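Q: Dropping in upload_3.txt, with compact mmCIF, C-alpha atoms and all ligand atoms.
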# COMPACT_ATOMS: atom_id res chain seq x y z
CA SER A 1 -97.09 -32.75 16.72
CA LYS A 2 -96.29 -29.74 18.92
CA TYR A 3 -99.01 -28.58 21.32
CA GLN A 4 -99.13 -25.20 23.06
CA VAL A 5 -100.55 -25.18 26.60
CA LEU A 6 -101.42 -22.22 28.87
CA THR A 7 -101.77 -22.85 32.61
CA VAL A 8 -103.85 -20.43 34.70
CA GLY A 9 -105.50 -20.34 38.12
CA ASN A 10 -105.83 -18.52 41.43
CA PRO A 11 -102.75 -18.25 43.65
CA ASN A 12 -102.47 -21.30 45.97
CA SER A 13 -104.25 -23.65 43.52
CA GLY A 14 -101.21 -25.92 43.18
CA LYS A 15 -100.28 -24.57 39.73
CA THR A 16 -96.52 -24.42 40.42
CA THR A 17 -96.61 -28.00 41.79
CA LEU A 18 -98.47 -29.25 38.71
CA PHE A 19 -96.15 -27.31 36.39
CA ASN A 20 -93.13 -28.90 38.06
CA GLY A 21 -94.71 -32.35 37.89
CA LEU A 22 -95.34 -31.93 34.16
CA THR A 23 -92.05 -30.35 33.13
CA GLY A 24 -89.43 -31.24 35.77
CA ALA A 25 -86.09 -29.64 34.97
CA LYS A 26 -87.13 -28.52 31.48
CA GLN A 27 -88.23 -25.02 32.52
CA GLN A 28 -87.01 -21.51 31.73
CA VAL A 29 -87.73 -18.06 33.21
CA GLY A 30 -87.83 -14.92 31.02
CA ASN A 31 -90.05 -11.84 30.74
CA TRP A 32 -93.53 -11.12 29.40
CA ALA A 33 -93.16 -9.01 26.26
CA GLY A 34 -93.30 -5.29 27.01
CA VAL A 35 -93.05 -5.54 30.81
CA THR A 36 -90.79 -6.82 33.61
CA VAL A 37 -93.08 -9.57 34.96
CA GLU A 38 -91.33 -12.94 35.01
CA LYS A 39 -92.56 -15.43 32.39
CA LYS A 40 -92.15 -19.15 33.11
CA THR A 41 -92.16 -21.69 30.27
CA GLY A 42 -91.51 -25.42 30.11
CA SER A 43 -91.90 -28.48 27.93
CA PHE A 44 -92.29 -32.23 27.96
CA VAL A 45 -92.58 -35.01 25.40
CA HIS A 46 -95.30 -37.61 25.56
CA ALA A 47 -95.81 -40.49 23.09
CA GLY A 48 -93.80 -38.73 20.41
CA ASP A 49 -95.47 -35.30 20.62
CA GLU A 50 -94.05 -32.14 22.19
CA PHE A 51 -95.98 -30.06 24.73
CA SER A 52 -94.88 -26.45 25.16
CA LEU A 53 -96.20 -24.92 28.42
CA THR A 54 -96.53 -21.25 29.34
CA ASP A 55 -97.52 -20.40 32.93
CA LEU A 56 -99.57 -17.34 33.77
CA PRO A 57 -99.07 -15.46 37.08
CA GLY A 58 -101.82 -16.36 39.55
CA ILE A 59 -104.91 -14.12 39.37
CA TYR A 60 -108.41 -14.25 40.84
CA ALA A 61 -110.20 -12.54 37.95
CA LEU A 62 -109.46 -11.20 34.47
CA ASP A 63 -108.74 -7.50 33.92
CA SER A 64 -111.64 -5.16 34.75
CA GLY A 65 -109.85 -1.80 34.48
CA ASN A 66 -109.41 -1.41 38.23
CA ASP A 67 -106.62 0.42 40.14
CA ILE A 68 -100.33 -5.81 36.29
CA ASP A 69 -100.79 -9.60 36.68
CA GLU A 70 -104.48 -9.39 35.82
CA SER A 71 -103.56 -7.48 32.66
CA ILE A 72 -100.96 -10.09 31.68
CA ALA A 73 -103.47 -12.88 32.25
CA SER A 74 -106.15 -11.08 30.24
CA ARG A 75 -103.73 -10.45 27.42
CA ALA A 76 -102.64 -14.09 27.29
CA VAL A 77 -106.12 -15.56 27.59
CA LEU A 78 -107.34 -13.26 24.81
CA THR A 79 -104.36 -13.42 22.44
CA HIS A 80 -101.71 -16.06 23.32
CA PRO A 81 -101.65 -19.17 21.11
CA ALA A 82 -102.77 -22.23 22.96
CA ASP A 83 -104.24 -25.49 21.80
CA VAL A 84 -105.68 -25.71 25.31
CA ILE A 85 -105.93 -23.60 28.44
CA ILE A 86 -105.49 -25.64 31.65
CA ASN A 87 -107.39 -23.90 34.49
CA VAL A 88 -106.03 -25.28 37.80
CA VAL A 89 -108.69 -25.03 40.54
CA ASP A 90 -108.35 -25.83 44.26
CA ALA A 91 -111.20 -28.33 44.71
CA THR A 92 -111.56 -27.36 48.38
CA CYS A 93 -112.39 -23.73 47.46
CA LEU A 94 -114.79 -24.12 44.54
CA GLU A 95 -117.06 -21.05 44.79
CA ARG A 96 -114.17 -18.57 44.78
CA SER A 97 -111.96 -20.44 42.27
CA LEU A 98 -114.64 -21.08 39.68
CA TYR A 99 -115.32 -17.34 39.30
CA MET A 100 -112.40 -16.99 36.89
CA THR A 101 -113.38 -20.36 35.36
CA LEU A 102 -116.68 -18.84 34.22
CA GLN A 103 -114.90 -15.84 32.69
CA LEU A 104 -112.58 -18.20 30.83
CA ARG A 105 -115.49 -20.35 29.67
CA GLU A 106 -117.24 -17.29 28.15
CA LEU A 107 -114.24 -16.84 25.82
CA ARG A 108 -115.10 -20.18 24.20
CA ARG A 109 -111.44 -21.07 23.76
CA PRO A 110 -110.57 -24.77 24.22
CA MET A 111 -109.90 -25.39 27.89
CA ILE A 112 -109.98 -28.01 30.61
CA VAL A 113 -110.60 -27.61 34.36
CA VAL A 114 -108.12 -29.47 36.58
CA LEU A 115 -109.48 -29.92 40.10
CA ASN A 116 -106.41 -30.10 42.32
CA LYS A 117 -105.97 -31.17 45.96
CA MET A 118 -108.50 -34.04 45.73
CA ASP A 119 -106.55 -35.60 48.59
CA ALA A 120 -107.33 -32.55 50.75
CA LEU A 121 -111.00 -32.79 49.73
CA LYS A 122 -111.14 -36.44 50.83
CA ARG A 123 -109.83 -35.48 54.29
CA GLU A 124 -112.79 -33.11 54.66
CA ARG A 125 -115.19 -35.96 53.68
CA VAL A 126 -116.54 -34.00 50.69
CA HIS A 127 -117.64 -35.75 47.51
CA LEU A 128 -117.83 -34.03 44.11
CA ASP A 129 -120.02 -35.28 41.29
CA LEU A 130 -117.63 -34.75 38.37
CA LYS A 131 -120.17 -35.55 35.63
CA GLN A 132 -122.46 -32.85 37.04
CA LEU A 133 -119.53 -30.43 37.20
CA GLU A 134 -118.75 -31.16 33.56
CA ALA A 135 -122.44 -30.55 32.74
CA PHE A 136 -122.48 -27.14 34.46
CA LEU A 137 -119.16 -25.93 32.99
CA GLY A 138 -119.47 -27.43 29.50
CA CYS A 139 -115.79 -28.45 29.22
CA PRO A 140 -113.75 -31.46 30.35
CA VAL A 141 -113.00 -31.76 34.05
CA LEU A 142 -110.04 -33.82 35.27
CA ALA A 143 -109.45 -34.41 39.00
CA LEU A 144 -106.13 -35.12 40.71
CA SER A 145 -103.58 -34.37 43.41
CA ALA A 146 -100.66 -32.64 41.73
CA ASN A 147 -98.37 -33.77 44.56
CA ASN A 148 -98.80 -37.40 43.29
CA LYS A 149 -96.38 -38.26 40.48
CA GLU A 150 -98.49 -41.20 39.27
CA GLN A 151 -101.66 -39.09 38.93
CA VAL A 152 -99.68 -36.45 37.02
CA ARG A 153 -98.36 -39.09 34.63
CA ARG A 154 -101.92 -40.37 34.10
CA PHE A 155 -103.08 -36.77 33.59
CA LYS A 156 -100.53 -36.52 30.75
CA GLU A 157 -102.22 -39.46 29.00
CA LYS A 158 -105.70 -37.96 29.36
CA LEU A 159 -104.50 -34.49 28.31
CA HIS A 160 -102.76 -35.93 25.27
CA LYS A 161 -105.87 -37.86 24.26
CA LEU A 162 -108.09 -34.77 24.58
CA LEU A 163 -105.71 -32.69 22.50
CA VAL A 164 -105.66 -35.29 19.74
CA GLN A 165 -109.46 -35.65 19.80
CA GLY A 166 -110.05 -31.90 19.85
CA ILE A 167 -111.88 -30.42 22.83
CA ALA A 168 -115.68 -30.49 22.71
CA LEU A 169 -117.23 -27.40 24.32
CA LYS A 170 -120.84 -26.72 25.30
CA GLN A 171 -121.10 -23.00 25.91
CA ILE A 172 -122.37 -21.90 29.31
CA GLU A 173 -125.94 -20.73 29.72
CA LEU A 174 -124.98 -17.62 31.69
CA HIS A 175 -127.71 -15.04 31.16
CA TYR A 176 -127.16 -11.60 32.63
CA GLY A 177 -130.73 -10.32 32.51
CA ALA A 178 -132.75 -8.61 29.80
CA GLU A 179 -131.11 -5.18 30.30
CA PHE A 180 -127.45 -6.24 30.31
CA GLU A 181 -128.05 -8.77 27.54
CA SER A 182 -129.45 -5.94 25.40
CA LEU A 183 -126.21 -4.01 25.94
CA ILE A 184 -124.16 -7.09 25.03
CA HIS A 185 -126.25 -7.51 21.87
CA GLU A 186 -125.59 -3.85 21.02
CA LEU A 187 -121.78 -4.20 21.22
CA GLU A 188 -121.29 -7.70 19.81
CA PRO A 189 -121.12 -6.56 16.14
CA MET A 190 -118.03 -4.42 16.78
CA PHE A 191 -116.23 -7.51 18.13
CA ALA A 192 -116.99 -9.91 15.28
CA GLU A 193 -114.20 -11.54 13.26
CA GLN A 194 -111.88 -11.80 16.29
CA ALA A 195 -109.97 -14.75 17.77
CA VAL A 196 -112.34 -14.88 20.75
CA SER A 197 -116.15 -15.01 20.95
CA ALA A 198 -117.75 -11.64 20.17
CA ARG A 199 -120.15 -12.14 23.10
CA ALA A 200 -117.24 -12.54 25.52
CA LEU A 201 -115.44 -9.47 24.13
CA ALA A 202 -118.59 -7.35 24.51
CA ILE A 203 -118.96 -8.49 28.13
CA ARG A 204 -115.27 -7.80 28.76
CA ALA A 205 -115.63 -4.36 27.16
CA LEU A 206 -118.59 -3.59 29.44
CA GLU A 207 -116.50 -4.82 32.40
CA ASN A 208 -113.92 -2.28 31.14
CA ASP A 209 -111.21 -4.90 30.41
CA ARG A 210 -108.20 -2.75 29.44
CA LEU A 211 -106.89 -5.19 26.84
CA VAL A 212 -110.22 -4.97 25.01
CA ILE A 213 -110.76 -1.22 25.43
CA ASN A 214 -107.18 -0.22 24.59
CA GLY A 215 -107.55 -1.62 21.08
CA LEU A 216 -110.60 0.50 20.27
CA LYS A 217 -110.70 3.61 18.13
CA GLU A 218 -112.05 6.71 19.85
CA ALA A 219 -115.52 6.35 18.32
CA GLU A 220 -115.71 2.67 19.27
CA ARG A 221 -114.45 3.58 22.74
CA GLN A 222 -117.12 6.27 23.03
CA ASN A 223 -119.83 3.79 22.07
CA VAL A 224 -118.66 1.40 24.80
CA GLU A 225 -118.62 4.07 27.49
CA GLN A 226 -122.12 5.14 26.41
CA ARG A 227 -123.55 1.63 26.85
CA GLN A 228 -121.81 1.45 30.24
CA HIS A 229 -123.77 4.57 31.29
CA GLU A 230 -126.99 3.07 29.91
CA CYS A 231 -126.74 0.37 32.59
CA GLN A 232 -128.98 1.46 35.46
CA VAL A 233 -126.97 -0.62 37.96
CA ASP A 234 -123.28 -1.14 38.68
CA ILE A 235 -121.82 -3.44 36.03
CA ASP A 236 -119.13 -4.99 38.22
CA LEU A 237 -121.75 -5.91 40.84
CA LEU A 238 -124.19 -7.12 38.19
CA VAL A 239 -121.81 -9.60 36.57
CA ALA A 240 -120.53 -10.87 39.94
CA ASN A 241 -124.13 -11.55 41.12
CA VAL A 242 -124.91 -13.48 37.95
CA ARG A 243 -121.72 -15.50 38.16
CA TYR A 244 -121.95 -16.27 41.89
CA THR A 245 -125.63 -17.23 41.56
CA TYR A 246 -124.71 -19.78 38.92
CA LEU A 247 -121.90 -21.09 41.12
CA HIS A 248 -124.19 -21.45 44.12
CA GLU A 249 -126.48 -23.54 41.93
CA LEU A 250 -123.50 -25.54 40.64
CA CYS A 251 -122.23 -26.32 44.14
CA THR A 252 -125.67 -27.47 45.31
CA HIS A 253 -125.73 -30.15 42.62
CA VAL A 254 -122.03 -31.11 42.60
CA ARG A 255 -120.92 -31.00 46.24
CA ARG A 256 -122.02 -33.54 48.86
CA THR A 257 -120.90 -34.26 52.42
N1 LIG A 301 -102.90 -31.45 49.67
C1 LIG A 301 -102.38 -31.04 48.49
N2 LIG A 301 -101.66 -29.90 48.48
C2 LIG A 301 -101.13 -29.42 47.34
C3 LIG A 301 -101.31 -30.14 46.08
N3 LIG A 301 -100.67 -29.45 45.13
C4 LIG A 301 -100.12 -28.35 45.73
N4 LIG A 301 -100.40 -28.36 47.05
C5 LIG A 301 -99.98 -27.36 48.05
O1 LIG A 301 -100.56 -26.09 47.76
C6 LIG A 301 -99.66 -25.06 48.15
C7 LIG A 301 -99.47 -24.12 46.97
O2 LIG A 301 -98.98 -24.90 45.88
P1 LIG A 301 -98.24 -24.13 44.69
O3 LIG A 301 -97.89 -25.10 43.56
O4 LIG A 301 -97.11 -23.25 45.13
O5 LIG A 301 -99.45 -23.15 44.32
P2 LIG A 301 -99.52 -21.95 43.29
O6 LIG A 301 -99.39 -20.59 43.95
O7 LIG A 301 -100.85 -22.09 42.62
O8 LIG A 301 -98.41 -22.03 42.26
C8 LIG A 301 -98.35 -25.74 48.50
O9 LIG A 301 -98.26 -25.89 49.92
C9 LIG A 301 -98.48 -27.10 47.89
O10 LIG A 301 -97.65 -28.08 48.52
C10 LIG A 301 -102.10 -31.40 46.19
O11 LIG A 301 -102.33 -32.11 45.19
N5 LIG A 301 -102.59 -31.77 47.39
Produce structure tokens that represent the structure in this file.

A:
Amino acid sequence: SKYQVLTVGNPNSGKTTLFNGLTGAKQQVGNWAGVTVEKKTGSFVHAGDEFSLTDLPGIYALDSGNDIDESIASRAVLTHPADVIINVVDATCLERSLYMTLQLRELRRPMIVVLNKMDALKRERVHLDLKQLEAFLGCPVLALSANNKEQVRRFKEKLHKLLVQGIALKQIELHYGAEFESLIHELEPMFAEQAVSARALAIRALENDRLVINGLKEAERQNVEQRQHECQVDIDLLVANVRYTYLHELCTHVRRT
């Protein structure tokens, strides 16, 4: 079998180190289609199957129509083939890193969260309840130190097994309030029959994600910008408050000193 993998995370998560650990010398650098941003790909073989990896440039959030990397990441997460998205997270910086994790989880594409730098976490005497973390995120969570070649080889076994099983998702109970949820419900029908959850596309449209908006006909686009004006409060602040509230609750149940 040939499996397609996308790797994504904040800058300084250890993504390059993990990528190198997985692929070694079998890496290439080219360009993302349409632009001049470098595109890194790699591969490895494990137990007879091929794993084709595409790295995404490090970003802290998906595109929200503000102000190139965020646009490339949004494009790939919405439209690039992948049997699984690997979200690399710095375990010592959970509240900030898991912001993009929640945006990725809303898409409902198969994904796993890799908590990196568990060795750095141990030095701080912090313990993470990984079963609780899996419960809050609704996707598999694997923990490691990507600077450890043995843990990366074990990760390959676990990743291969998950890909063969198929990844079981429980979608996140993120509720944005009666008002915003009514706007989501209003837009969802125009985003049906797409490769990604219609709910997630409606939220991204309201967040003004350029990859979503750019594909809309003028009348669709007008309907989106109308529902944006219907929101009594600032959408970017609204969705951040909802996401960071959830993450505060997550960290209270997962993180112990
Ligand atoms: N303590 C620790 N540091 C790590 C680990 N993986 C990466 N790092 C360090 O994190 C920093 C950034 O790693 P890098 O792979 O370049 O991050 P990237 O920007 O996400 O690609 C580097 O100093 C790495 O050596 C790990 O498992 N444990």

Q: Measuring between all atoms listed in the file, which one of A:155, A:99, A:19, A:3 shows the shortest distance to ligand LIG 301 (chain A)?

A: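 Smallest distance to ligand LIG 301 (chain A) is found for A:19.
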
Q: Given a cut-off of 9 Å, what residues near ligand LIG 301 (chain A) show up using all atoms listed in the file, put as a list in words?

A: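 What falls inside 9 Å of ligand LIG 301 (chain A) is residues 8, 9, 10, 11, 12, 13, 14, 15, 16, 17, 18, 19, 20, 57, 58, 88, 89, 90, 116, 117, 118, 119, 120, 121, 144, 145, 146, 147 and 148 of chain A.
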
Q: Determine, using all atoms listed in the file, which residues of range 70-123 of chain A have any atom at most 9 Å from an atom of range 158-181 of chain A, and tabulate each with its shortest atom pair and distance in Å to one decimal place, rows ordered by chain and then rising number, as JSON lines.

A:
{"residue": "A:83", "atom": "CA", "partner": "A:163", "partner_atom": "CA", "distance": 7.4}
{"residue": "A:84", "atom": "CA", "partner": "A:163", "partner_atom": "CA", "distance": 7.5}
{"residue": "A:102", "atom": "CA", "partner": "A:172", "partner_atom": "CA", "distance": 8.1}
{"residue": "A:105", "atom": "CA", "partner": "A:172", "partner_atom": "CA", "distance": 7.1}
{"residue": "A:106", "atom": "CA", "partner": "A:172", "partner_atom": "CA", "distance": 7.0}
{"residue": "A:108", "atom": "CA", "partner": "A:171", "partner_atom": "CA", "distance": 6.8}
{"residue": "A:109", "atom": "CA", "partner": "A:169", "partner_atom": "CA", "distance": 8.6}
{"residue": "A:110", "atom": "CA", "partner": "A:167", "partner_atom": "CA", "distance": 6.0}
{"residue": "A:111", "atom": "CA", "partner": "A:167", "partner_atom": "CA", "distance": 7.4}
{"residue": "A:112", "atom": "CA", "partner": "A:167", "partner_atom": "CA", "distance": 8.4}

Q: Adding 8 Å on each side of the box along x, y and z that holds all listed atoms of range 8-21 of chain A, could you give its centre and edge lengths in Å to one decimal, as lines of an AutoDock Vina configuration file?

A:
center_x = -99.5
center_y = -25.3
center_z = 40.3
size_x = 28.7
size_y = 30.1
size_z = 27.3

Q: Would you give me, as CSV, each residue of range 145-203 of chain A having an atom within 12 Å of an atom of range 218-221 of chain A, along with its shortest atom pair and that distance in Å to one decimal, using only C-alpha atoms and sorting by chain and residue number?

A:
residue,atom,partner,partner_atom,distance
A:186,CA,A:220,CA,12.0
A:187,CA,A:220,CA,9.4
A:188,CA,A:220,CA,11.8
A:189,CA,A:220,CA,11.1
A:190,CA,A:220,CA,7.9
A:191,CA,A:220,CA,10.3
A:202,CA,A:220,CA,11.7

Q: Write out, as a compact mmCIF listing (two decimals), keeping the file's coordinate frame, the residues just selected, with C-alpha atoms.

A:
# COMPACT_ATOMS: atom_id res chain seq x y z
CA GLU A 186 -125.59 -3.85 21.02
CA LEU A 187 -121.78 -4.20 21.22
CA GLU A 188 -121.29 -7.70 19.81
CA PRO A 189 -121.12 -6.56 16.14
CA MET A 190 -118.03 -4.42 16.78
CA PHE A 191 -116.23 -7.51 18.13
CA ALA A 202 -118.59 -7.35 24.51

Q: Between CA of residue 47 in chain A and CA of residue 6 in chain A, measure the distance and give it in Å to one decimal.

A: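 CA of residue 6 in chain A lies 20.0 Å from CA of residue 47 in chain A.
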
Q: Between A:104, A:114, A:130, A:98, which is the closest to residue 73 in chain A once you count only C-alpha atoms?

A: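 Answer, going by the shortest atom-to-atom distance: A:104.
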
Q: Work out how far apart CA of residue 183 in chain A and CA of residue 227 in chain A are and give it in Å to one decimal.

A: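 Interatomic distance, CA of residue 183 in chain A to CA of residue 227 in chain A: 6.3 Å.
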
Q: I'd like the neighbourhood of residue 236 in chain A as a VMD selection string, where a residue qualifies if any of its atoms comes within 9 Å (using all atoms listed in the file), though same-chain residues fewer than 6 positions away should be ignored.

A: chain A and resid 64 206 to 207

Q: Between A:225, A:49, A:38, A:124, single out the one closest to residue 156 in chain A, counting all atoms listed in the file.

A: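 Of the candidates, the smallest distance to residue 156 in chain A is held by A:49.
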
Q: With all atoms listed in the file as the counted atoms, please give the residues lying no more than 7 Å from residue 78 in chain A, apart from itself and same-chain residues fewer than 3 positions off, as an MDAnalysis selection string.

A: chainID A and resid 74:75 196

Q: For residue 194 in chain A, which of A:133, A:231, A:212, A:53 is the closest residue, counting all atoms listed in the file?

A: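 Looking only at the distances to residue 194 in chain A, the closest residue turns out to be A:212.
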
Q: Could you work out how far CA of residue 55 in chain A lies from CA of residue 254 in chain A, giving the answer in Å with one decimal?

A: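 Going from CA of residue 254 in chain A over to CA of residue 55 in chain A covers 28.4 Å.
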